[PDB]
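Encoded as structure tokens, the structure appears first; notes follow it.
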Amino acid sequence: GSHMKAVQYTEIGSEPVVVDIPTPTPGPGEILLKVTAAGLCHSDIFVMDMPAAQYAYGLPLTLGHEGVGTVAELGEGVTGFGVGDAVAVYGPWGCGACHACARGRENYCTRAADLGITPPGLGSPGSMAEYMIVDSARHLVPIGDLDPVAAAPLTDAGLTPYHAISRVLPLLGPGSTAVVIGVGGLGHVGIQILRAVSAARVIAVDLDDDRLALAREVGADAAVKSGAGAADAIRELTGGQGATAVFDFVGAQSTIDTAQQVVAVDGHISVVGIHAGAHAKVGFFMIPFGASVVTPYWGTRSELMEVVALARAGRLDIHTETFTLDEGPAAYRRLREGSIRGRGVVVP
Amino acid sequence: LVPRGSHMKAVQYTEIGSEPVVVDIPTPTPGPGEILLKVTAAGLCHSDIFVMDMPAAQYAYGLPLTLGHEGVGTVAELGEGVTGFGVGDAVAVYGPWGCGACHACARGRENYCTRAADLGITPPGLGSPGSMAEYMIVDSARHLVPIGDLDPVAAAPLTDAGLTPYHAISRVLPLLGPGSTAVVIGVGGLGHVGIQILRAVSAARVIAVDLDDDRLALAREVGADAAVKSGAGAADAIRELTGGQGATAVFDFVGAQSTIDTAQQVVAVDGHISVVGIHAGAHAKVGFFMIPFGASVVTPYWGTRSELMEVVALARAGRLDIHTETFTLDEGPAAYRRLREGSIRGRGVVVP
Amino acid sequence: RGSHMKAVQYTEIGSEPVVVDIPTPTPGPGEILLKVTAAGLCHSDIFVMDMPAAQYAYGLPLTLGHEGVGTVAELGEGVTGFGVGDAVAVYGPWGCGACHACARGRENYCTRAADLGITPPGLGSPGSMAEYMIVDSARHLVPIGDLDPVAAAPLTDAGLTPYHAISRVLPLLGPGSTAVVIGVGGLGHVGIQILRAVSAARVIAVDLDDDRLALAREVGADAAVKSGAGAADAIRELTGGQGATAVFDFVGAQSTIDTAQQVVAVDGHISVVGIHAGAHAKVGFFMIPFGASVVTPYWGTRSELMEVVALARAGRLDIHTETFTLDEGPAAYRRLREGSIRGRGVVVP
Amino acid sequence: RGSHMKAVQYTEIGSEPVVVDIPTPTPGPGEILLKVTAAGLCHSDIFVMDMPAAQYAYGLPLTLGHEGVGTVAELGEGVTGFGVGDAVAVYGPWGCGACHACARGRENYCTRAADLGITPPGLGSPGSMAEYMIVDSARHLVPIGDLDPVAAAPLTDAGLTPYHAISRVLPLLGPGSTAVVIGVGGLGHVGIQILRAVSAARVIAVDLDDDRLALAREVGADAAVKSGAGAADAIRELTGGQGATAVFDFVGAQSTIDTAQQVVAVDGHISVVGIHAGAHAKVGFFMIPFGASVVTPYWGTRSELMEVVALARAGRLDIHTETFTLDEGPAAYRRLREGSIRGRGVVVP
Ligand SMILES: CC(C)(C)[Si](C)(C)OCCC[n+]1cccc(C(N)=O)c1
Ligand SMILES: CC(C)(C)[Si](C)(C)OCCC[n+]1cccc(C(N)=O)c1
Ligand SMILES: CC(C)(C)[Si](C)(C)OCCC[n+]1cccc(C(N)=O)c1
Ligand code: NA
Ligand code: NA
Ligand SMILES: [Zn+2]
Ligand SMILES: [Zn+2]
Ligand SMILES: [Zn+2]
Ligand SMILES: [Zn+2]
Ligand SMILES: [Zn+2]
Ligand SMILES: [Zn+2]
Ligand SMILES: [Zn+2]
Ligand SMILES: [Zn+2]
């Protein structure tokens, strides 16, 4: 096919539309994938709600940074995969040559911004299209016979909480407690990860009893309703010792405040969710001694392989709702109104 | 609506600036050479809105005016001397009446009659009584085209929604061979038919341009090879699909200055731009280094009689799928309100 | 044949052309070397040399002359179809020869020439204003037989360009049709001759001078009226109010384009042939009659140039010429700028 | 490359084609050497090889193959426009390139080719049924991109020839028109697909074989009629009493031409594309409807070949092919002679 359907963000303030664009051809070192599943996440809405001044990803933009597909054509000199191999796309592309990239932590590449290296669906053409280009073979991770619909969320919904947990995993030994705030998209996977790679007790925190009920099924040992009573409730569940780690996937100021009120001495707060302006206040007597705080970014490539390994072993169960490519824009309206059970996935 | 006597219901423009109204007016009787039709379907056109929005100083079609220049019906009464049609024959109304005697008319191109203006010959619904009524007069048998057993609702838009794009395409059809690209701007009442015509009478690649995801999907449904969003990025998106070579012909059914601007930015050397949609003041700028060499531009008008016959032949062969919404005569004014807000999917059609 | 040759070149922006001594070119494979017998002057050369430093994109130094006629001097490797001594005219608007437009015989509308940097002689490539010139391919040579080269040089542009413009709508110009010619200078004077030879259309001329109107009548215009605000009414006066089938605007000013839009007939045509930067037709509803198409044509096709040469060889095309030597080249361009050349200037090396 | 190559040649009148070794050609200036990727064969080759020895004057030996496709292997001196590796189809009816017909983009109707001895490859010049082939000029190569060469080879004749015949009267084939196709095995099979792609004409297929008529319906024929004395009555029955706008007779027998004259419409057209020696239409008053033109078209133009390639690459043209190796060339011609090839045989060296 000389052209292909793609869900694109074409102008500021408008809804994404299904438009026809040229089918890309892989240059030297590139790989062309036939997309088999493309995930939607709230970060797409956040990007699409940016005003004209702040948005810096160029228009038009093919959406979709949660991509999985099969190798369709290999660019010149690309060995490592064969036509038909099922692969997941590593999102946070880096330069590959800086100290951070050499350590595997391409998500923390120190030259990507200066060089204009952007992830697919966030500056580079995304996965919500019949075909997509991947810049390099090192940004492809094999998935074997993993169902592509289940695999697509793993590239962000799985990778991002996995990285946040991995940053302080040595603290989550037996006897530790991990608090998960927001047990929807990412927190649901975070709970499953915590139970798989650690023996820590998991406390779920969310506004909706519906979300709390599911959190208990996937391993959460206790559930608390979000609000002004959450802090007291969490400490009541842990005596007065606090939570070794708090993974806030909401990112609102109120949830960060709850995290700072319950984190243990020498603990950790991970601000994963994004609410513009929300921030933790790290100062003496405003947070326990030794309790570190960070805003993590996506994850490393080796962590993506580990997330795939968890899924192939039956340890990650991602709730998905499938959509057609033509249903792409409709799916984003569904995501906007919070009417999607778990994760939305477009199957071209 | 069961026929009931010497008066008929009609949708009329009666005073400047007001909405049209349904009225019970006398049923006309055909004079010698004329034909009385029982109307079976009357289509709504955006040009009706343009006419009804003209100020008193500009409007020159007389009041009251029975609206509707998109008419099909059945022969009800033959005027004196009229042979060639029998009572009951299903016919489509050729709209752009001409004098029939000038050089243009002698070639069938009555839409370009050079004497109609001087003689006061005006089309039904645009100066003469239109088809949005139970009955209508047609001036001459040569302005009737048989439609056979075609469904009236689907046949009525053929007289303008089909005929007008068909004529614009026909003007440069020899340019639209295999390997050519035809750009269609607008997938409304006319554009969604133009796409189908291009697929049926040419091997050109068809790229549609519109705003709504619904319109772009409609374009693909009716046969467009590709569809892109209108606006500032439309020109680049088209040239991406053409490999930067430019479009052989651009058919602009919107006619806004921005869409004409896009047409000039994508038209190929020696190509064509057809400005079909009407926006007052909007115009192409045909000058050196403002448009590619040899790229011609025209504002076409309706179509020829032989073209209308060819449009009916396309419909009877199953090559035209006209999207319609049906209204009653009493709903006529409400239908025009729907047309104003652009909530009519395809073409609105009144069925007496 | 000497190793050096005389030529006239545009050498630096904003300055006048100068006479120079440059190496005589040698034809590579596929090319043909001509001994120039006449090189025509054209106002388009002034337009090119008036481009500011930034806007000019035709390269320096540039041997001028895009109206070239000569005799075959040396055949490049593999070139047949012409023999040494054959008198040929140089087809100007070189194309790639391989795109759909080129394959249809419309090289002037080649869709690849710009991308490939293919430019006409004298407008990017070495022109004809020199003792010798290189032609890239044999398909850009047209035989002229024993036709006087001074007469043939203007045919390559002054004849080909109006001929193409008329040819685009010739089927409209049957008996009873009317063709309006605005401007009876170089191209319009030839345009009238063409219209009389290939059609039975009534020709009405429009110009600004009593002398120009009288010239128009002499070359076959049935009527002539003065240009200006009253021009449109004056034409409609002669046509009985019917409007003109086609309008060929060889001036191209905004005022003449405006006139053309006021006189063109329903389902007619307007050809904007003259070049005035910024002037353009306004093609929209209520600003132009229904069905009246408008185009800016470009030069002409190769088969059209053959037909122009056939008209001239049959005694149906005459173009007033003034002759200059190569040394008088820059002088002739001074004359061209100040509009003091009657007809077309031709340089004879 | 090796100093010699295999070629399927017609070396003696009345003989069968044989695989012989001949020197590998080298491209002179302006020429292109192709490595052949596909060489189609058709009944025109059998007709040529059936010419009696009494009519033979010159031409032997002849490398067969006028339906050639290949990749550029070596560029002659001065040739630009293609690079080594480019996939190209060979335009068959070579012309002089300088006459009016050639300049108009109708080299198939070149008026100088016969006098100059310019013959098509495989029909007077070395054909494509060999490891390598010479093309005289770059303008006789048409790029095909990534189109399968085996699918491209038949289109150089089985596609181009019906496309040209239809194109000659395409403006007549509007909605409401009827096109009759006599002989739907090869050229007519592609002609049916062309008619459905470039027009809205109703297509009536006429043939002797019931299986070929079923295939005709599958590729766009609206009706099927048994060829014979009753075909004219059956065709009229299908069109009322109106007749067919155009009749494309790919058989060319006297009986089929007679049927064409009995069904063509007033002001219609009859295209005699197939060849049967001595068969002809009788164009005279009351022997054919008024205004119905008759012609024997020849092959097609280069721009038409580009359009045929465009149709094929868009998935709108399909002909069944059976591939043979170059060593099997004679076997392919044996199969063709006994009429057991479905679609088109293609030789792949
Ligand atoms: C990092 C950006 C500011 C560009 Si965001 C939040 C609009 O999404 C891109 C990566 C997707 N994702 C989603 C949720 C959380 C995170 C995270 N904590 O890294 C990342
Ligand atoms: C000087 C220009 C920039 C306008 Si130009 C590159 C189009 O002139 C040289 C091409 C010859 N010629 C001269 C006058 C008019 C025309 C025409 N109307 O075709 C063609
Ligand atoms: C040498 C032959 C006398 C057999 Si002849 C010119 C029919 O074949 C040429 C080869 C192409 N082709 C095939 C069939 C018909 C036509 C045509 N109608 O031109 C052309
Ligand atoms: Na637009
Ligand atoms: Na027969
Ligand atoms: Zn995401
Ligand atoms: Zn890096
Ligand atoms: Zn209308
Ligand atoms: Zn008239
Ligand atoms: Zn000139
Ligand atoms: Zn070209
Ligand atoms: Zn053949
Ligand atoms: Zn020739």
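Chains: A, B, ... in order of the structure tokens. Residues: from 1 per chain. Ligands: from 1, in order shown.
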Inset, instruction - Could you give me, as an NGL selection string, the residues within 8 Å of residue D:86, counting only C-alpha atoms and dropping anything in the same chain fewer than 4 positions from it? - result: :D and (71-72 or 82 or 143 or 145)
Based on the selection just made, write N, CA, C and O atoms of those residues as a PDB file, in the first residue's frame.
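Below is the file result.pdb, written as the result:
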ATOM      1  N   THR D  71      16.510  -4.651 -16.432  1.00  0.00           N
ATOM      2  CA  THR D  71      17.187  -3.696 -15.572  1.00  0.00           C
ATOM      3  C   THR D  71      18.381  -3.122 -16.322  1.00  0.00           C
ATOM      4  O   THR D  71      19.064  -3.840 -17.060  1.00  0.00           O
ATOM      5  N   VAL D  72      18.618  -1.823 -16.146  1.00  0.00           N
ATOM      6  CA  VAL D  72      19.745  -1.189 -16.814  1.00  0.00           C
ATOM      7  C   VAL D  72      21.034  -1.833 -16.328  1.00  0.00           C
ATOM      8  O   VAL D  72      21.293  -1.915 -15.121  1.00  0.00           O
ATOM      9  N   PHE D  82      18.685   7.510 -16.429  1.00  0.00           N
ATOM     10  CA  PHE D  82      18.547   6.222 -15.767  1.00  0.00           C
ATOM     11  C   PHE D  82      19.873   5.850 -15.124  1.00  0.00           C
ATOM     12  O   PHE D  82      20.940   6.277 -15.571  1.00  0.00           O
ATOM     13  N   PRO D 143      10.020   3.500 -16.925  1.00  0.00           N
ATOM     14  CA  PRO D 143      10.247   2.880 -15.614  1.00  0.00           C
ATOM     15  C   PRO D 143       8.996   2.192 -15.091  1.00  0.00           C
ATOM     16  O   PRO D 143       7.868   2.633 -15.323  1.00  0.00           O
ATOM     17  N   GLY D 145       9.274   0.761 -11.670  1.00  0.00           N
ATOM     18  CA  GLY D 145       9.407   0.664 -10.227  1.00  0.00           C
ATOM     19  C   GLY D 145       9.564  -0.775  -9.786  1.00  0.00           C
ATOM     20  O   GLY D 145      10.300  -1.562 -10.393  1.00  0.00           O
TER      21      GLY D 145
END
Please build the interface table for chain C against ligand 10 with a cut-off of 10 Å, listing for each qualifying residue the nearest atom pair and the distance in Å to one decimal; count only C-alpha atoms and all ligand atoms, order rows by chain and increasing number, and write it as JSON lines.
{"residue": "C:39", "atom": "CA", "partner": "ligand 10", "partner_atom_place_in_ligand_line": "1 (Zn)", "distance": 9.7}
{"residue": "C:40", "atom": "CA", "partner": "ligand 10", "partner_atom_place_in_ligand_line": "1 (Zn)", "distance": 6.7}
{"residue": "C:41", "atom": "CA", "partner": "ligand 10", "partner_atom_place_in_ligand_line": "1 (Zn)", "distance": 5.9}
{"residue": "C:42", "atom": "CA", "partner": "ligand 10", "partner_atom_place_in_ligand_line": "1 (Zn)", "distance": 3.8}
{"residue": "C:43", "atom": "CA", "partner": "ligand 10", "partner_atom_place_in_ligand_line": "1 (Zn)", "distance": 6.5}
{"residue": "C:44", "atom": "CA", "partner": "ligand 10", "partner_atom_place_in_ligand_line": "1 (Zn)", "distance": 5.9}
{"residue": "C:45", "atom": "CA", "partner": "ligand 10", "partner_atom_place_in_ligand_line": "1 (Zn)", "distance": 7.0}
{"residue": "C:46", "atom": "CA", "partner": "ligand 10", "partner_atom_place_in_ligand_line": "1 (Zn)", "distance": 9.9}
{"residue": "C:65", "atom": "CA", "partner": "ligand 10", "partner_atom_place_in_ligand_line": "1 (Zn)", "distance": 7.7}
{"residue": "C:66", "atom": "CA", "partner": "ligand 10", "partner_atom_place_in_ligand_line": "1 (Zn)", "distance": 6.1}
{"residue": "C:67", "atom": "CA", "partner": "ligand 10", "partner_atom_place_in_ligand_line": "1 (Zn)", "distance": 6.0}
{"residue": "C:68", "atom": "CA", "partner": "ligand 10", "partner_atom_place_in_ligand_line": "1 (Zn)", "distance": 9.7}
{"residue": "C:92", "atom": "CA", "partner": "ligand 10", "partner_atom_place_in_ligand_line": "1 (Zn)", "distance": 9.3}
{"residue": "C:122", "atom": "CA", "partner": "ligand 10", "partner_atom_place_in_ligand_line": "1 (Zn)", "distance": 9.5}
{"residue": "C:123", "atom": "CA", "partner": "ligand 10", "partner_atom_place_in_ligand_line": "1 (Zn)", "distance": 10.0}
{"residue": "C:153", "atom": "CA", "partner": "ligand 10", "partner_atom_place_in_ligand_line": "1 (Zn)", "distance": 9.3}
{"residue": "C:154", "atom": "CA", "partner": "ligand 10", "partner_atom_place_in_ligand_line": "1 (Zn)", "distance": 7.4}
{"residue": "C:155", "atom": "CA", "partner": "ligand 10", "partner_atom_place_in_ligand_line": "1 (Zn)", "distance": 9.4}
{"residue": "C:156", "atom": "CA", "partner": "ligand 10", "partner_atom_place_in_ligand_line": "1 (Zn)", "distance": 7.7}
{"residue": "C:157", "atom": "CA", "partner": "ligand 10", "partner_atom_place_in_ligand_line": "1 (Zn)", "distance": 5.0}
{"residue": "C:158", "atom": "CA", "partner": "ligand 10", "partner_atom_place_in_ligand_line": "1 (Zn)", "distance": 6.5}
{"residue": "C:159", "atom": "CA", "partner": "ligand 10", "partner_atom_place_in_ligand_line": "1 (Zn)", "distance": 9.7}
{"residue": "C:160", "atom": "CA", "partner": "ligand 10", "partner_atom_place_in_ligand_line": "1 (Zn)", "distance": 9.9}
{"residue": "C:161", "atom": "CA", "partner": "ligand 10", "partner_atom_place_in_ligand_line": "1 (Zn)", "distance": 9.1}
{"residue": "C:186", "atom": "CA", "partner": "ligand 10", "partner_atom_place_in_ligand_line": "1 (Zn)", "distance": 9.9}
{"residue": "C:187", "atom": "CA", "partner": "ligand 10", "partner_atom_place_in_ligand_line": "1 (Zn)", "distance": 9.9}
{"residue": "C:299", "atom": "CA", "partner": "ligand 10", "partner_atom_place_in_ligand_line": "1 (Zn)", "distance": 9.3}
{"residue": "C:344", "atom": "CA", "partner": "ligand 10", "partner_atom_place_in_ligand_line": "1 (Zn)", "distance": 9.0}
{"residue": "C:345", "atom": "CA", "partner": "ligand 10", "partner_atom_place_in_ligand_line": "1 (Zn)", "distance": 9.8}
For those residues, write N, CA, C and O atoms to a file as a JSON list (two decimals), in the first residue's frame.
[["chain", "number", "residue", "atom", "x", "y", "z"],
["C", 39, "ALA", "N", 20.45, 35.40, -33.15],
["C", 39, "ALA", "CA", 20.05, 35.26, -31.75],
["C", 39, "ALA", "C", 19.10, 36.39, -31.41],
["C", 39, "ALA", "O", 19.47, 37.57, -31.52],
["C", 40, "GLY", "N", 17.88, 36.04, -31.02],
["C", 40, "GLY", "CA", 16.85, 37.03, -30.78],
["C", 40, "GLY", "C", 16.90, 37.63, -29.38],
["C", 40, "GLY", "O", 17.31, 36.98, -28.42],
["C", 41, "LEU", "N", 16.46, 38.88, -29.29],
["C", 41, "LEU", "CA", 16.32, 39.60, -28.04],
["C", 41, "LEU", "C", 14.86, 39.62, -27.61],
["C", 41, "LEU", "O", 13.95, 39.61, -28.45],
["C", 42, "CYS", "N", 14.64, 39.66, -26.30],
["C", 42, "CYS", "CA", 13.29, 39.60, -25.76],
["C", 42, "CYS", "C", 13.26, 40.29, -24.41],
["C", 42, "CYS", "O", 14.24, 40.24, -23.65],
["C", 43, "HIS", "N", 12.13, 40.94, -24.10],
["C", 43, "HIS", "CA", 12.01, 41.66, -22.85],
["C", 43, "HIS", "C", 12.17, 40.75, -21.64],
["C", 43, "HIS", "O", 12.55, 41.22, -20.56],
["C", 44, "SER", "N", 11.90, 39.45, -21.80],
["C", 44, "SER", "CA", 12.12, 38.52, -20.70],
["C", 44, "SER", "C", 13.57, 38.54, -20.23],
["C", 44, "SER", "O", 13.85, 38.27, -19.06],
["C", 45, "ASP", "N", 14.50, 38.85, -21.14],
["C", 45, "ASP", "CA", 15.89, 39.00, -20.74],
["C", 45, "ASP", "C", 16.06, 40.16, -19.76],
["C", 45, "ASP", "O", 16.86, 40.09, -18.83],
["C", 46, "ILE", "N", 15.29, 41.24, -19.96],
["C", 46, "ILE", "CA", 15.33, 42.36, -19.02],
["C", 46, "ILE", "C", 14.76, 41.94, -17.67],
["C", 46, "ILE", "O", 15.31, 42.28, -16.62],
["C", 65, "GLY", "N", 20.47, 34.77, -24.53],
["C", 65, "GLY", "CA", 19.90, 34.37, -25.80],
["C", 65, "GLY", "C", 19.13, 33.07, -25.75],
["C", 65, "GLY", "O", 19.73, 31.99, -25.81],
["C", 66, "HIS", "N", 17.80, 33.15, -25.63],
["C", 66, "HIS", "CA", 16.94, 31.97, -25.65],
["C", 66, "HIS", "C", 16.14, 31.86, -26.93],
["C", 66, "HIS", "O", 15.19, 31.07, -27.00],
["C", 67, "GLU", "N", 16.49, 32.63, -27.96],
["C", 67, "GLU", "CA", 15.90, 32.54, -29.30],
["C", 67, "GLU", "C", 17.05, 32.29, -30.27],
["C", 67, "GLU", "O", 17.57, 33.22, -30.88],
["C", 68, "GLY", "N", 17.44, 31.03, -30.40],
["C", 68, "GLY", "CA", 18.64, 30.66, -31.13],
["C", 68, "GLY", "C", 18.32, 29.95, -32.44],
["C", 68, "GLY", "O", 17.44, 29.09, -32.50],
["C", 92, "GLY", "N", 13.28, 26.03, -27.09],
["C", 92, "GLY", "CA", 13.74, 26.71, -25.90],
["C", 92, "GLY", "C", 13.51, 25.97, -24.60],
["C", 92, "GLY", "O", 14.45, 25.68, -23.85],
["C", 122, "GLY", "N", 20.14, 30.38, -22.48],
["C", 122, "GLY", "CA", 20.00, 31.80, -22.22],
["C", 122, "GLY", "C", 19.25, 32.15, -20.96],
["C", 122, "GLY", "O", 19.21, 33.33, -20.59],
["C", 123, "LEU", "N", 18.64, 31.17, -20.29],
["C", 123, "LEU", "CA", 17.91, 31.38, -19.04],
["C", 123, "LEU", "C", 18.37, 30.36, -18.00],
["C", 123, "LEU", "O", 17.56, 29.74, -17.30],
["C", 153, "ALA", "N", 14.65, 33.49, -35.95],
["C", 153, "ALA", "CA", 14.97, 33.62, -34.54],
["C", 153, "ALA", "C", 13.77, 34.05, -33.71],
["C", 153, "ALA", "O", 13.47, 33.39, -32.69],
["C", 154, "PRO", "N", 13.04, 35.12, -34.05],
["C", 154, "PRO", "CA", 11.85, 35.47, -33.25],
["C", 154, "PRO", "C", 10.81, 34.37, -33.21],
["C", 154, "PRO", "O", 10.04, 34.29, -32.24],
["C", 155, "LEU", "N", 10.74, 33.51, -34.23],
["C", 155, "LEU", "CA", 9.74, 32.45, -34.25],
["C", 155, "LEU", "C", 9.85, 31.54, -33.03],
["C", 155, "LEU", "O", 8.86, 30.95, -32.60],
["C", 156, "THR", "N", 11.05, 31.41, -32.46],
["C", 156, "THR", "CA", 11.25, 30.49, -31.35],
["C", 156, "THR", "C", 10.55, 30.97, -30.08],
["C", 156, "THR", "O", 10.22, 30.14, -29.21],
["C", 157, "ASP", "N", 10.30, 32.27, -29.95],
["C", 157, "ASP", "CA", 9.60, 32.80, -28.79],
["C", 157, "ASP", "C", 8.43, 33.67, -29.20],
["C", 157, "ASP", "O", 7.28, 33.42, -28.82],
["C", 158, "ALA", "N", 8.70, 34.72, -29.99],
["C", 158, "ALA", "CA", 7.65, 35.64, -30.37],
["C", 158, "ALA", "C", 6.57, 34.95, -31.20],
["C", 158, "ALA", "O", 5.42, 35.40, -31.21],
["C", 159, "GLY", "N", 6.91, 33.88, -31.90],
["C", 159, "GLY", "CA", 5.93, 33.12, -32.65],
["C", 159, "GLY", "C", 5.37, 31.95, -31.87],
["C", 159, "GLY", "O", 4.15, 31.74, -31.84],
["C", 160, "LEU", "N", 6.26, 31.20, -31.21],
["C", 160, "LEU", "CA", 5.84, 30.00, -30.49],
["C", 160, "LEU", "C", 4.91, 30.33, -29.33],
["C", 160, "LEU", "O", 3.93, 29.62, -29.09],
["C", 161, "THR", "N", 5.21, 31.40, -28.58],
["C", 161, "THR", "CA", 4.42, 31.68, -27.38],
["C", 161, "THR", "C", 2.99, 32.07, -27.72],
["C", 161, "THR", "O", 2.06, 31.50, -27.11],
["C", 186, "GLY", "N", 5.20, 43.02, -30.07],
["C", 186, "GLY", "CA", 5.84, 41.84, -30.59],
["C", 186, "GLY", "C", 4.92, 40.65, -30.73],
["C", 186, "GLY", "O", 4.66, 40.18, -31.84],
["C", 187, "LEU", "N", 4.39, 40.16, -29.60],
["C", 187, "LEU", "CA", 3.65, 38.90, -29.62],
["C", 187, "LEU", "C", 2.25, 39.08, -30.20],
["C", 187, "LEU", "O", 1.80, 38.25, -31.00],
["C", 299, "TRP", "N", 5.43, 29.49, -23.01],
["C", 299, "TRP", "CA", 6.21, 29.16, -24.21],
["C", 299, "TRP", "C", 5.35, 28.27, -25.11],
["C", 299, "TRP", "O", 4.17, 28.59, -25.34],
["C", 344, "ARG", "N", 11.39, 43.04, -33.24],
["C", 344, "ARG", "CA", 12.25, 42.19, -32.42],
["C", 344, "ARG", "C", 13.70, 42.41, -32.80],
["C", 344, "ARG", "O", 14.04, 42.47, -33.98],
["C", 345, "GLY", "N", 14.56, 42.54, -31.79],
["C", 345, "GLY", "CA", 15.98, 42.65, -32.03],
["C", 345, "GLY", "C", 16.61, 41.28, -32.23],
["C", 345, "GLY", "O", 16.28, 40.31, -31.55]]
Legend entry - Interface residues on chain D facing chain C, 10 Å, only C-alpha atoms, written as a ChimeraX atom specification: /D:28-31,76-82,96-107,116,138-143,301-307
Legend entry - All residues 12 Å or closer to residue A:45, only C-alpha atoms, same chain fewer than 2 positions away omitted, as a list in words: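 Those residues are residues 9, 12, 13, 14, 15, 16, 40, 41, 42, 43, 47, 48, 49, 50, 63, 64, 121, 122, 274, 329, 331, 332, 333, 334, 335, 336, 337 and 338 of chain A.
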Inset, instruction - Please write out the residues within 7 Å of ligand 7 as a PyMOL selection string, counting only C-alpha atoms and all ligand atoms. - result: chain A and resi 94-101+106+109-112
I need the residues from that last selection saved to file as a CSV table (one decimal), in the first residue's frame (with N, CA, C and O atoms), if you can.
chain,number,residue,atom,x,y,z
A,94,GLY,N,17.0,7.4,22.8
A,94,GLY,CA,18.1,8.2,23.2
A,94,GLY,C,19.2,8.2,22.1
A,94,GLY,O,19.1,7.5,21.1
A,95,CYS,N,20.3,8.9,22.4
A,95,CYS,CA,21.4,9.1,21.4
A,95,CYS,C,22.2,7.8,21.3
A,95,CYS,O,22.8,7.5,20.2
A,96,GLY,N,22.2,6.9,22.3
A,96,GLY,CA,22.9,5.7,22.3
A,96,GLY,C,24.4,5.8,22.6
A,96,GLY,O,25.0,4.7,22.6
A,97,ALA,N,24.9,7.0,22.7
A,97,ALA,CA,26.3,7.2,22.9
A,97,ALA,C,26.8,7.9,24.1
A,97,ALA,O,28.0,8.0,24.4
A,98,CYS,N,25.9,8.5,24.9
A,98,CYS,CA,26.2,9.1,26.1
A,98,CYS,C,26.4,8.1,27.3
A,98,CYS,O,26.0,7.0,27.2
A,99,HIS,N,27.0,8.6,28.4
A,99,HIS,CA,27.2,7.7,29.5
A,99,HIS,C,25.9,7.1,30.0
A,99,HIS,O,25.9,5.9,30.3
A,100,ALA,N,24.8,7.8,30.1
A,100,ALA,CA,23.5,7.2,30.5
A,100,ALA,C,23.1,6.2,29.5
A,100,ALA,O,22.6,5.1,29.8
A,101,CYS,N,23.2,6.5,28.2
A,101,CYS,CA,22.8,5.5,27.1
A,101,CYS,C,23.7,4.2,27.2
A,101,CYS,O,23.2,3.1,27.0
A,106,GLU,N,18.6,4.7,28.5
A,106,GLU,CA,18.3,5.6,27.4
A,106,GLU,C,17.2,6.6,27.8
A,106,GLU,O,17.2,7.8,27.3
A,109,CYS,N,18.8,9.8,28.8
A,109,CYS,CA,19.8,10.3,27.8
A,109,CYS,C,20.0,11.8,28.0
A,109,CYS,O,19.0,12.5,28.1
A,110,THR,N,21.2,12.2,28.1
A,110,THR,CA,21.5,13.6,28.3
A,110,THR,C,21.7,14.4,27.0
A,110,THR,O,21.9,15.7,27.1
A,111,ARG,N,21.6,13.8,25.9
A,111,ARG,CA,21.8,14.5,24.6
A,111,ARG,C,20.6,14.4,23.7
A,111,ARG,O,20.5,15.1,22.7
A,112,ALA,N,19.6,13.6,24.1
A,112,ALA,CA,18.4,13.4,23.2
A,112,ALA,C,17.7,14.8,22.9
A,112,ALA,O,17.4,15.0,21.7
Inset, instruction - For residue B:230, list every protein, DNA or RNA residue within 9 Å, evaluated using only C-alpha atoms, and leave out those in the same chain fewer than 2 positions away; present the list as a PyMOL selection string. - result: chain B and resi 185-186+209-212+228+232-235+259+262
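Here atom CA of residue B:53 stands at a distance of 20.5 Å from atom CA of residue B:190.
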Legend entry - Close residues, residue D:54 itself excluded, 10 Å, only C-alpha atoms, min 3 positions apart in chain, as a ChimeraX atom specification: /D:13,51,57
